[PDB]
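**Student:** Here you go, this is structure-v9.pdb (PDB, C-alpha atoms).
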ATOM      1  CA  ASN W   1     129.566 -22.333  29.427
ATOM      2  CA  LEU W   2     130.226 -26.068  29.506
ATOM      3  CA  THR W   3     129.151 -26.608  33.106
ATOM      4  CA  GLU W   4     126.027 -28.738  32.548
ATOM      5  CA  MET W   5     127.697 -30.902  29.892
ATOM      6  CA  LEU W   6     130.911 -31.275  31.874
ATOM      7  CA  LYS W   7     129.194 -31.777  35.245
ATOM      8  CA  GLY W   8     128.395 -35.478  34.700
ATOM      9  CA  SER W   9     132.061 -36.211  33.726
ATOM     10  CA  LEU W  10     133.991 -33.974  36.045
ATOM     11  CA  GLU W  11     134.294 -36.347  39.007
ATOM     12  CA  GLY W  12     135.943 -38.877  36.675
ATOM     13  CA  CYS W  13     138.394 -36.329  35.252
ATOM     14  CA  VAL W  14     139.407 -35.552  38.844
ATOM     15  CA  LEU W  15     139.873 -39.242  39.697
ATOM     16  CA  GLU W  16     141.973 -39.539  36.577
ATOM     17  CA  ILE W  17     144.148 -36.559  37.661
ATOM     18  CA  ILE W  18     144.598 -37.858  41.227
ATOM     19  CA  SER W  19     145.575 -41.272  39.833
ATOM     20  CA  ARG W  20     148.744 -39.947  38.205
ATOM     21  CA  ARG W  21     150.222 -38.915  41.567
ATOM     22  CA  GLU W  22     149.490 -37.476  45.012
ATOM     23  CA  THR W  23     147.984 -34.020  44.562
ATOM     24  CA  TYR W  24     145.599 -31.446  46.033
ATOM     25  CA  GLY W  25     142.669 -29.191  45.137
ATOM     26  CA  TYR W  26     144.545 -26.141  43.870
ATOM     27  CA  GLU W  27     146.734 -28.225  41.612
ATOM     28  CA  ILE W  28     143.825 -30.285  40.330
ATOM     29  CA  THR W  29     141.944 -27.103  39.480
ATOM     30  CA  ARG W  30     144.918 -25.644  37.594
ATOM     31  CA  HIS W  31     145.387 -28.934  35.732
ATOM     32  CA  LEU W  32     141.718 -28.797  34.565
ATOM     33  CA  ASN W  33     142.185 -25.135  33.591
ATOM     34  CA  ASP W  34     145.346 -25.987  31.651
ATOM     35  CA  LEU W  35     143.386 -28.752  29.862
ATOM     36  CA  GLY W  36     140.946 -26.088  28.606
ATOM     37  CA  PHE W  37     138.218 -26.151  31.247
ATOM     38  CA  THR W  38     138.946 -22.583  32.219
ATOM     39  CA  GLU W  39     135.640 -22.081  34.040
ATOM     40  CA  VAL W  40     136.464 -24.763  36.616
ATOM     41  CA  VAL W  41     137.206 -23.080  39.933
ATOM     42  CA  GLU W  42     138.610 -24.454  43.178
ATOM     43  CA  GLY W  43     135.223 -24.649  44.894
ATOM     44  CA  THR W  44     134.042 -27.032  42.189
ATOM     45  CA  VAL W  45     137.048 -29.271  42.736
ATOM     46  CA  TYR W  46     136.695 -28.959  46.515
ATOM     47  CA  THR W  47     133.079 -30.196  46.336
ATOM     48  CA  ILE W  48     134.157 -33.138  44.139
ATOM     49  CA  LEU W  49     137.011 -34.065  46.509
ATOM     50  CA  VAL W  50     134.476 -34.179  49.368
ATOM     51  CA  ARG W  51     132.217 -36.527  47.327
ATOM     52  CA  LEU W  52     135.207 -38.780  46.605
ATOM     53  CA  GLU W  53     136.087 -38.903  50.300
ATOM     54  CA  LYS W  54     132.583 -39.958  51.434
ATOM     55  CA  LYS W  55     132.572 -42.680  48.724
ATOM     56  CA  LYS W  56     135.925 -43.849  50.148
ATOM     57  CA  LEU W  57     137.710 -43.616  46.786
ATOM     58  CA  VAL W  58     140.833 -41.669  47.941
ATOM     59  CA  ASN W  59     143.504 -41.917  50.618
ATOM     60  CA  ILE W  60     144.045 -38.616  52.478
ATOM     61  CA  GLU W  61     147.136 -37.256  54.185
ATOM     62  CA  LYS W  62     147.733 -33.941  56.005
ATOM     63  CA  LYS W  63     151.236 -32.998  54.854
ATOM     64  CA  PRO W  64     153.601 -29.976  55.043
ATOM     65  CA  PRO W  65     147.407 -27.500  56.647
ATOM     66  CA  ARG W  66     146.743 -29.275  53.321
ATOM     67  CA  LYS W  67     145.067 -32.560  52.523
ATOM     68  CA  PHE W  68     146.949 -34.662  49.976
ATOM     69  CA  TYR W  69     144.825 -37.019  47.880
ATOM     70  CA  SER W  70     145.795 -40.223  46.144
ATOM     71  CA  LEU W  71     143.681 -43.144  44.878
ATOM     72  CA  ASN W  72     142.947 -46.218  46.954
ATOM     73  CA  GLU W  73     141.887 -49.499  45.372
ATOM     74  CA  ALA W  74     138.208 -48.576  45.237
ATOM     75  CA  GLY W  75     139.244 -45.338  43.501
ATOM     76  CA  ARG W  76     141.198 -47.124  40.774
ATOM     77  CA  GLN W  77     138.285 -49.562  40.339
ATOM     78  CA  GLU W  78     135.879 -46.617  40.079
ATOM     79  CA  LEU W  79     138.104 -44.718  37.591
ATOM     80  CA  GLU W  80     138.123 -47.804  35.382
ATOM     81  CA  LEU W  81     134.318 -47.860  35.425
ATOM     82  CA  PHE W  82     134.160 -44.167  34.599
ATOM     83  CA  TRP W  83     136.287 -44.560  31.475
ATOM     84  CA  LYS W  84     134.235 -47.598  30.319
ATOM     85  CA  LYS W  85     131.088 -45.503  30.766
ATOM     86  CA  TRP W  86     132.749 -42.538  28.995
ATOM     87  CA  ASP W  87     133.833 -44.693  26.012
ATOM     88  CA  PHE W  88     130.341 -46.092  25.597
ATOM     89  CA  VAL W  89     128.454 -42.821  25.953
ATOM     90  CA  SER W  90     130.841 -40.794  23.752
ATOM     91  CA  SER W  91     131.033 -43.423  20.969
ATOM     92  CA  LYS W  92     127.228 -43.451  20.739
ATOM     93  CA  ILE W  93     126.907 -39.701  20.727
ATOM     94  CA  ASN W  94     129.562 -39.560  17.988
ATOM     95  CA  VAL W  95     127.666 -42.253  16.007
ATOM     96  CA  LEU W  96     124.759 -39.844  16.151
ATOM     97  CA  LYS W  97     126.824 -36.802  15.204
ATOM     98  CA  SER W  98     128.262 -38.783  12.291
ATOM     99  CA  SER W  99     125.007 -38.221  10.387
ATOM    100  CA  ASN W 100     125.289 -34.447  10.532
TER
ATOM    101  CA  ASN Q   1     123.589 -46.558  34.627
ATOM    102  CA  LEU Q   2     124.667 -43.724  32.347
ATOM    103  CA  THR Q   3     122.015 -41.251  33.466
ATOM    104  CA  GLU Q   4     124.225 -38.647  35.182
ATOM    105  CA  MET Q   5     126.840 -38.705  32.411
ATOM    106  CA  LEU Q   6     124.252 -38.657  29.637
ATOM    107  CA  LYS Q   7     121.982 -36.087  31.315
ATOM    108  CA  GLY Q   8     124.041 -33.040  30.264
ATOM    109  CA  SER Q   9     124.051 -34.213  26.583
ATOM    110  CA  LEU Q  10     120.612 -35.668  26.174
ATOM    111  CA  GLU Q  11     118.766 -32.495  25.167
ATOM    112  CA  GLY Q  12     121.234 -32.099  22.284
ATOM    113  CA  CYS Q  13     120.825 -35.706  21.123
ATOM    114  CA  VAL Q  14     117.069 -35.061  21.004
ATOM    115  CA  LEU Q  15     117.507 -31.840  19.006
ATOM    116  CA  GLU Q  16     119.728 -33.783  16.654
ATOM    117  CA  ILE Q  17     117.035 -36.495  16.225
ATOM    118  CA  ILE Q  18     114.223 -33.971  15.650
ATOM    119  CA  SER Q  19     116.389 -32.186  13.065
ATOM    120  CA  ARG Q  20     116.383 -35.151  10.688
ATOM    121  CA  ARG Q  21     112.597 -34.987  10.248
ATOM    122  CA  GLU Q  22     109.263 -34.317  11.953
ATOM    123  CA  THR Q  23     108.870 -36.788  14.808
ATOM    124  CA  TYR Q  24     107.367 -37.347  18.259
ATOM    125  CA  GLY Q  25     108.234 -38.532  21.769
ATOM    126  CA  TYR Q  26     107.679 -42.267  21.362
ATOM    127  CA  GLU Q  27     109.758 -42.396  18.216
ATOM    128  CA  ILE Q  28     112.515 -40.258  19.690
ATOM    129  CA  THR Q  29     112.688 -42.553  22.703
ATOM    130  CA  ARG Q  30     112.920 -45.675  20.529
ATOM    131  CA  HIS Q  31     115.607 -44.021  18.393
ATOM    132  CA  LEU Q  32     117.701 -43.342  21.555
ATOM    133  CA  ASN Q  33     117.096 -46.932  22.704
ATOM    134  CA  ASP Q  34     118.154 -48.268  19.302
ATOM    135  CA  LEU Q  35     121.325 -46.131  19.556
ATOM    136  CA  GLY Q  36     122.212 -47.989  22.780
ATOM    137  CA  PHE Q  37     120.735 -45.746  25.464
ATOM    138  CA  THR Q  38     118.368 -48.464  26.567
ATOM    139  CA  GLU Q  39     117.586 -46.847  29.924
ATOM    140  CA  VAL Q  40     116.032 -43.786  28.271
ATOM    141  CA  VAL Q  41     112.275 -43.906  28.773
ATOM    142  CA  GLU Q  42     109.483 -41.812  27.285
ATOM    143  CA  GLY Q  43     109.070 -39.646  30.382
ATOM    144  CA  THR Q  44     112.674 -38.520  30.019
ATOM    145  CA  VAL Q  45     112.086 -37.535  26.409
ATOM    146  CA  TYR Q  46     108.749 -35.934  27.303
ATOM    147  CA  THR Q  47     110.452 -33.704  29.905
ATOM    148  CA  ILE Q  48     113.123 -32.707  27.354
ATOM    149  CA  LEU Q  49     110.502 -31.900  24.689
ATOM    150  CA  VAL Q  50     108.792 -29.585  27.206
ATOM    151  CA  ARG Q  51     112.126 -27.794  27.886
ATOM    152  CA  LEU Q  52     112.667 -27.373  24.136
ATOM    153  CA  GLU Q  53     109.187 -25.901  23.734
ATOM    154  CA  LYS Q  54     109.632 -23.260  26.474
ATOM    155  CA  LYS Q  55     113.007 -22.282  24.922
ATOM    156  CA  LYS Q  56     111.155 -21.892  21.597
ATOM    157  CA  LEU Q  57     113.494 -24.263  19.739
ATOM    158  CA  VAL Q  58     110.823 -26.445  18.010
ATOM    159  CA  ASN Q  59     107.741 -25.983  15.854
ATOM    160  CA  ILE Q  60     104.746 -28.011  17.102
ATOM    161  CA  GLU Q  61     101.811 -29.452  15.197
ATOM    162  CA  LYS Q  62      98.827 -31.530  16.399
ATOM    163  CA  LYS Q  63      98.438 -34.087  13.607
ATOM    164  CA  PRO Q  64      96.462 -37.312  12.926
ATOM    165  CA  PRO Q  65      96.035 -36.354  19.706
ATOM    166  CA  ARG Q  66      99.810 -36.193  19.093
ATOM    167  CA  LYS Q  67     102.209 -33.282  18.975
ATOM    168  CA  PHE Q  68     104.642 -33.418  16.058
ATOM    169  CA  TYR Q  69     107.986 -31.693  16.609
ATOM    170  CA  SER Q  70     110.379 -30.233  14.086
ATOM    171  CA  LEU Q  71     113.192 -27.674  14.468
ATOM    172  CA  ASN Q  72     112.693 -23.962  13.952
ATOM    173  CA  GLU Q  73     115.595 -21.635  13.201
ATOM    174  CA  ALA Q  74     116.499 -21.119  16.851
ATOM    175  CA  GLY Q  75     116.545 -24.919  17.216
ATOM    176  CA  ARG Q  76     119.002 -25.419  14.359
ATOM    177  CA  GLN Q  77     121.149 -22.584  15.762
ATOM    178  CA  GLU Q  78     121.047 -24.228  19.199
ATOM    179  CA  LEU Q  79     121.878 -27.713  17.816
ATOM    180  CA  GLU Q  80     124.935 -26.222  16.131
ATOM    181  CA  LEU Q  81     126.073 -24.783  19.465
ATOM    182  CA  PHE Q  82     125.516 -28.105  21.197
ATOM    183  CA  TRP Q  83     127.766 -29.982  18.777
ATOM    184  CA  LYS Q  84     130.506 -27.300  19.063
ATOM    185  CA  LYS Q  85     130.311 -27.662  22.847
ATOM    186  CA  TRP Q  86     130.297 -31.481  22.532
ATOM    187  CA  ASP Q  87     133.376 -31.485  20.243
ATOM    188  CA  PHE Q  88     135.308 -29.277  22.634
ATOM    189  CA  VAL Q  89     134.386 -31.091  25.835
ATOM    190  CA  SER Q  90     134.870 -34.607  24.400
ATOM    191  CA  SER Q  91     138.215 -33.812  22.705
ATOM    192  CA  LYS Q  92     139.584 -32.521  26.020
ATOM    193  CA  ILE Q  93     138.337 -35.458  28.017
ATOM    194  CA  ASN Q  94     139.896 -37.784  25.421
ATOM    195  CA  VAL Q  95     143.190 -35.816  25.630
ATOM    196  CA  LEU Q  96     143.076 -36.659  29.312
ATOM    197  CA  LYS Q  97     142.186 -40.310  28.771
ATOM    198  CA  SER Q  98     145.033 -40.550  26.258
ATOM    199  CA  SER Q  99     147.498 -40.702  29.163
ATOM    200  CA  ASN Q 100     145.921 -43.806  30.656
TER
END
As structure tokens, how would this structure be written, given the file I've shared?

**Tutor:**
Amino acid sequence: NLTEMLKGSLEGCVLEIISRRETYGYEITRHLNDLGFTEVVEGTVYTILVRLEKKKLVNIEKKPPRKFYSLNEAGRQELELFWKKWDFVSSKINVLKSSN
Amino acid sequence: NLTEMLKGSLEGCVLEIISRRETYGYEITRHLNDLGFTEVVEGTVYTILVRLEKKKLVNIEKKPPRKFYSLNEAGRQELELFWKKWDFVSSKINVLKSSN
């Protein structure tokens, strides 16, 4: 049960996945499952994709009815900020772990 | 602004701090600030300490009116689980980062 711990990082993982190429909810979910986040279900990814759309971080396209997501410039900018935040937070938590 | 990302890990960082020796809210807060989580304020630590008390993870002592916190056996058990969760979640997020 990693939900609470993973919650605050999950939007970024999704942005990272969408960055690699045009994709869609089902495939994002399976990619997160394949990574080892087996408890991540489609509805969790759906909700994230909605948040990313309202923040205007992704370009959308109805293709052959499915929405295809890729990153726009804001999205790439935002993904960069996420990883800088991740690197900082994780390094400091590991500095703390390092003493037990 | 690391609050959302740090939120799901902050209770564990506190448990880790209390584990090292008997301590109290102000000192825990300053320890987190000194680590680099400068936006962590006392009220955030207070709220966490309350959660840890209701989960019965800490022994409390009114000493010379301040409450002194140390870990009981449940608390040590729980801290161990937190770090196992942290190691898993962070390793998988870093596996993902490793491809950009």

**Student:** Contacts between chain Q and chain W, please, where a residue of chain W counts if it comes within 12 Å (with all atoms listed in the file); show its shortest atom pair and distance in Å to one decimal, rows by chain and ascending number, as a Markdown table.

**Tutor:**
| residue | atom | partner | partner_atom | distance |
| --- | --- | --- | --- | --- |
| W:1 | CA | Q:85 | CA | 8.5 |
| W:2 | CA | Q:85 | CA | 6.8 |
| W:3 | CA | Q:8 | CA | 8.7 |
| W:4 | CA | Q:8 | CA | 5.3 |
| W:5 | CA | Q:8 | CA | 4.3 |
| W:6 | CA | Q:89 | CA | 7.0 |
| W:7 | CA | Q:8 | CA | 7.3 |
| W:8 | CA | Q:5 | CA | 4.3 |
| W:9 | CA | Q:5 | CA | 5.9 |
| W:10 | CA | Q:93 | CA | 9.2 |
| W:11 | CA | Q:5 | CA | 10.2 |
| W:12 | CA | Q:93 | CA | 9.6 |
| W:13 | CA | Q:93 | CA | 7.3 |
| W:14 | CA | Q:96 | CA | 10.3 |
| W:15 | CA | Q:96 | CA | 11.2 |
| W:16 | CA | Q:97 | CA | 7.8 |
| W:17 | CA | Q:96 | CA | 8.4 |
| W:19 | CA | Q:100 | CA | 9.5 |
| W:20 | CA | Q:100 | CA | 8.9 |
| W:31 | CA | Q:96 | CA | 10.3 |
| W:32 | CA | Q:96 | CA | 9.6 |
| W:33 | CA | Q:92 | CA | 10.9 |
| W:34 | CA | Q:92 | CA | 10.4 |
| W:35 | CA | Q:92 | CA | 6.6 |
| W:36 | CA | Q:92 | CA | 7.1 |
| W:37 | CA | Q:89 | CA | 8.3 |
| W:38 | CA | Q:89 | CA | 11.6 |
| W:76 | CA | Q:100 | CA | 11.6 |
| W:79 | CA | Q:100 | CA | 10.5 |
| W:80 | CA | Q:100 | CA | 10.0 |
| W:81 | CA | Q:1 | CA | 10.8 |
| W:82 | CA | Q:5 | CA | 9.4 |
| W:83 | CA | Q:97 | CA | 7.8 |
| W:84 | CA | Q:2 | CA | 10.5 |
| W:85 | CA | Q:2 | CA | 6.8 |
| W:86 | CA | Q:5 | CA | 7.8 |
| W:87 | CA | Q:94 | CA | 9.2 |
| W:88 | CA | Q:36 | CA | 8.8 |
| W:89 | CA | Q:6 | CA | 7.0 |
| W:90 | CA | Q:90 | CA | 7.4 |
| W:91 | CA | Q:36 | CA | 10.1 |
| W:92 | CA | Q:35 | CA | 6.6 |
| W:93 | CA | Q:13 | CA | 7.3 |
| W:94 | CA | Q:87 | CA | 9.2 |
| W:95 | CA | Q:35 | CA | 8.2 |
| W:96 | CA | Q:13 | CA | 7.6 |
| W:97 | CA | Q:83 | CA | 7.8 |
| W:98 | CA | Q:16 | CA | 10.8 |
| W:99 | CA | Q:20 | CA | 9.2 |
| W:100 | CA | Q:16 | CA | 8.3 |

**Student:** Write the residues of the selection above to a file with C-alpha atoms, as a PDB file, in the frame of the given file.

**Tutor:**
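Everything below was put into selection28.pdb:
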ATOM      1  CA  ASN W   1     129.566 -22.333  29.427  1.00  0.00           C
ATOM      2  CA  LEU W   2     130.226 -26.068  29.506  1.00  0.00           C
ATOM      3  CA  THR W   3     129.151 -26.608  33.106  1.00  0.00           C
ATOM      4  CA  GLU W   4     126.027 -28.738  32.548  1.00  0.00           C
ATOM      5  CA  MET W   5     127.697 -30.902  29.892  1.00  0.00           C
ATOM      6  CA  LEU W   6     130.911 -31.275  31.874  1.00  0.00           C
ATOM      7  CA  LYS W   7     129.194 -31.777  35.245  1.00  0.00           C
ATOM      8  CA  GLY W   8     128.395 -35.478  34.700  1.00  0.00           C
ATOM      9  CA  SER W   9     132.061 -36.211  33.726  1.00  0.00           C
ATOM     10  CA  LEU W  10     133.991 -33.974  36.045  1.00  0.00           C
ATOM     11  CA  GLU W  11     134.294 -36.347  39.007  1.00  0.00           C
ATOM     12  CA  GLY W  12     135.943 -38.877  36.675  1.00  0.00           C
ATOM     13  CA  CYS W  13     138.394 -36.329  35.252  1.00  0.00           C
ATOM     14  CA  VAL W  14     139.407 -35.552  38.844  1.00  0.00           C
ATOM     15  CA  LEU W  15     139.873 -39.242  39.697  1.00  0.00           C
ATOM     16  CA  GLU W  16     141.973 -39.539  36.577  1.00  0.00           C
ATOM     17  CA  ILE W  17     144.148 -36.559  37.661  1.00  0.00           C
ATOM     18  CA  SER W  19     145.575 -41.272  39.833  1.00  0.00           C
ATOM     19  CA  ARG W  20     148.744 -39.947  38.205  1.00  0.00           C
ATOM     20  CA  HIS W  31     145.387 -28.934  35.732  1.00  0.00           C
ATOM     21  CA  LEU W  32     141.718 -28.797  34.565  1.00  0.00           C
ATOM     22  CA  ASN W  33     142.185 -25.135  33.591  1.00  0.00           C
ATOM     23  CA  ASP W  34     145.346 -25.987  31.651  1.00  0.00           C
ATOM     24  CA  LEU W  35     143.386 -28.752  29.862  1.00  0.00           C
ATOM     25  CA  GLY W  36     140.946 -26.088  28.606  1.00  0.00           C
ATOM     26  CA  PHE W  37     138.218 -26.151  31.247  1.00  0.00           C
ATOM     27  CA  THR W  38     138.946 -22.583  32.219  1.00  0.00           C
ATOM     28  CA  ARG W  76     141.198 -47.124  40.774  1.00  0.00           C
ATOM     29  CA  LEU W  79     138.104 -44.718  37.591  1.00  0.00           C
ATOM     30  CA  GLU W  80     138.123 -47.804  35.382  1.00  0.00           C
ATOM     31  CA  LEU W  81     134.318 -47.860  35.425  1.00  0.00           C
ATOM     32  CA  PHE W  82     134.160 -44.167  34.599  1.00  0.00           C
ATOM     33  CA  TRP W  83     136.287 -44.560  31.475  1.00  0.00           C
ATOM     34  CA  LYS W  84     134.235 -47.598  30.319  1.00  0.00           C
ATOM     35  CA  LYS W  85     131.088 -45.503  30.766  1.00  0.00           C
ATOM     36  CA  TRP W  86     132.749 -42.538  28.995  1.00  0.00           C
ATOM     37  CA  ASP W  87     133.833 -44.693  26.012  1.00  0.00           C
ATOM     38  CA  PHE W  88     130.341 -46.092  25.597  1.00  0.00           C
ATOM     39  CA  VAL W  89     128.454 -42.821  25.953  1.00  0.00           C
ATOM     40  CA  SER W  90     130.841 -40.794  23.752  1.00  0.00           C
ATOM     41  CA  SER W  91     131.033 -43.423  20.969  1.00  0.00           C
ATOM     42  CA  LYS W  92     127.228 -43.451  20.739  1.00  0.00           C
ATOM     43  CA  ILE W  93     126.907 -39.701  20.727  1.00  0.00           C
ATOM     44  CA  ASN W  94     129.562 -39.560  17.988  1.00  0.00           C
ATOM     45  CA  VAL W  95     127.666 -42.253  16.007  1.00  0.00           C
ATOM     46  CA  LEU W  96     124.759 -39.844  16.151  1.00  0.00           C
ATOM     47  CA  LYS W  97     126.824 -36.802  15.204  1.00  0.00           C
ATOM     48  CA  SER W  98     128.262 -38.783  12.291  1.00  0.00           C
ATOM     49  CA  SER W  99     125.007 -38.221  10.387  1.00  0.00           C
ATOM     50  CA  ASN W 100     125.289 -34.447  10.532  1.00  0.00           C
TER      51      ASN W 100
END

**Student:** Which residue is closest to residue 44 in chain W? Choose from W:74, W:28, W:60, W:18 and count all atoms listed in the file.

**Tutor:**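 Closest residue, counting all atoms listed in the file: W:28.
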
**Student:** For CA of residue 70 in chain Q and CA of residue 57 in chain Q, quote the distance in Å rounded to one decimal.

**Tutor:** 8.8 Å

**Student:** For residue 55 in chain Q, please output as a list in words all residues within 12 Å (counting all atoms listed in the file; exclusion window: fewer than 6 positions along the same chain).

**Tutor:**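 With the cut-off at 12 Å, the set is residues 11, 48, 49, 71, 72, 74, 75 and 78 of chain Q.
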
**Student:** Could you check how far CA of residue 52 in chain Q sits from CA of residue 64 in chain Q, in Å to one decimal?

**Tutor:** 22.1 Å

**Student:** What does the structure give for the distance between CA of residue 39 in chain W and CA of residue 69 in chain W, in Å to one decimal?

**Tutor:**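 According to the coordinates, CA of residue 39 in chain W and CA of residue 69 in chain W are separated by 22.3 Å.
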
**Student:** Within 8 Å of residue 25 in chain W, counting only C-alpha atoms, which residues qualify if same-chain residues fewer than 2 places away don't, as a PyMOL selection string?

**Tutor:** chain W and resi 23+27-29+42+45-46+49

**Student:** Complete range 11-25 of chain Q with N, CA, C and O atoms (output as a PDB file, in the frame of the given file).

**Tutor:**
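Writing done, so here's rebuild28.pdb:
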ATOM      1  N   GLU Q  11     119.570 -33.483  25.880  1.00  0.00           N
ATOM      2  CA  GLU Q  11     118.766 -32.495  25.167  1.00  0.00           C
ATOM      3  C   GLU Q  11     119.284 -32.292  23.741  1.00  0.00           C
ATOM      4  O   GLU Q  11     118.490 -32.233  22.793  1.00  0.00           O
ATOM      5  N   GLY Q  12     120.609 -32.220  23.595  1.00  0.00           N
ATOM      6  CA  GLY Q  12     121.234 -32.099  22.284  1.00  0.00           C
ATOM      7  C   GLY Q  12     121.001 -33.298  21.358  1.00  0.00           C
ATOM      8  O   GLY Q  12     120.760 -33.146  20.151  1.00  0.00           O
ATOM      9  N   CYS Q  13     121.097 -34.500  21.906  1.00  0.00           N
ATOM     10  CA  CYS Q  13     120.825 -35.706  21.123  1.00  0.00           C
ATOM     11  C   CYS Q  13     119.384 -35.651  20.596  1.00  0.00           C
ATOM     12  O   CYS Q  13     119.129 -35.952  19.443  1.00  0.00           O
ATOM     13  N   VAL Q  14     118.457 -35.208  21.432  1.00  0.00           N
ATOM     14  CA  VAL Q  14     117.069 -35.061  21.004  1.00  0.00           C
ATOM     15  C   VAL Q  14     116.908 -34.041  19.873  1.00  0.00           C
ATOM     16  O   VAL Q  14     116.280 -34.338  18.840  1.00  0.00           O
ATOM     17  N   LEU Q  15     117.490 -32.854  20.059  1.00  0.00           N
ATOM     18  CA  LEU Q  15     117.507 -31.840  19.006  1.00  0.00           C
ATOM     19  C   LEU Q  15     118.061 -32.427  17.718  1.00  0.00           C
ATOM     20  O   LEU Q  15     117.519 -32.214  16.636  1.00  0.00           O
ATOM     21  N   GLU Q  16     119.150 -33.174  17.831  1.00  0.00           N
ATOM     22  CA  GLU Q  16     119.728 -33.783  16.654  1.00  0.00           C
ATOM     23  C   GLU Q  16     118.718 -34.735  15.982  1.00  0.00           C
ATOM     24  O   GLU Q  16     118.583 -34.722  14.763  1.00  0.00           O
ATOM     25  N   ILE Q  17     118.008 -35.543  16.778  1.00  0.00           N
ATOM     26  CA  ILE Q  17     117.035 -36.495  16.225  1.00  0.00           C
ATOM     27  C   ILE Q  17     115.882 -35.743  15.544  1.00  0.00           C
ATOM     28  O   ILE Q  17     115.522 -36.053  14.413  1.00  0.00           O
ATOM     29  N   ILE Q  18     115.331 -34.732  16.222  1.00  0.00           N
ATOM     30  CA  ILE Q  18     114.223 -33.971  15.650  1.00  0.00           C
ATOM     31  C   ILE Q  18     114.615 -33.254  14.350  1.00  0.00           C
ATOM     32  O   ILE Q  18     113.765 -33.013  13.485  1.00  0.00           O
ATOM     33  N   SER Q  19     115.899 -32.919  14.222  1.00  0.00           N
ATOM     34  CA  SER Q  19     116.389 -32.186  13.065  1.00  0.00           C
ATOM     35  C   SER Q  19     116.245 -32.972  11.781  1.00  0.00           C
ATOM     36  O   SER Q  19     116.065 -32.386  10.707  1.00  0.00           O
ATOM     37  N   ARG Q  20     116.338 -34.300  11.878  1.00  0.00           N
ATOM     38  CA  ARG Q  20     116.383 -35.151  10.688  1.00  0.00           C
ATOM     39  C   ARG Q  20     115.026 -35.233   9.990  1.00  0.00           C
ATOM     40  O   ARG Q  20     114.957 -35.457   8.771  1.00  0.00           O
ATOM     41  N   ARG Q  21     113.960 -35.057  10.774  1.00  0.00           N
ATOM     42  CA  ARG Q  21     112.597 -34.987  10.248  1.00  0.00           C
ATOM     43  C   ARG Q  21     111.556 -34.897  11.363  1.00  0.00           C
ATOM     44  O   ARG Q  21     111.821 -35.235  12.518  1.00  0.00           O
ATOM     45  N   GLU Q  22     110.375 -34.402  11.008  1.00  0.00           N
ATOM     46  CA  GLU Q  22     109.263 -34.317  11.953  1.00  0.00           C
ATOM     47  C   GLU Q  22     109.108 -35.636  12.698  1.00  0.00           C
ATOM     48  O   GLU Q  22     109.118 -36.691  12.083  1.00  0.00           O
ATOM     49  N   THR Q  23     108.962 -35.573  14.015  1.00  0.00           N
ATOM     50  CA  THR Q  23     108.870 -36.788  14.808  1.00  0.00           C
ATOM     51  C   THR Q  23     108.090 -36.544  16.100  1.00  0.00           C
ATOM     52  O   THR Q  23     107.407 -35.542  16.232  1.00  0.00           O
ATOM     53  N   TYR Q  24     108.153 -37.474  17.039  1.00  0.00           N
ATOM     54  CA  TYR Q  24     107.367 -37.347  18.259  1.00  0.00           C
ATOM     55  C   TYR Q  24     107.994 -38.193  19.364  1.00  0.00           C
ATOM     56  O   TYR Q  24     108.814 -39.058  19.094  1.00  0.00           O
ATOM     57  N   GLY Q  25     107.617 -37.915  20.607  1.00  0.00           N
ATOM     58  CA  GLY Q  25     108.234 -38.532  21.769  1.00  0.00           C
ATOM     59  C   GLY Q  25     108.505 -40.029  21.698  1.00  0.00           C
ATOM     60  O   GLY Q  25     109.615 -40.478  21.996  1.00  0.00           O
TER      61      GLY Q  25
END
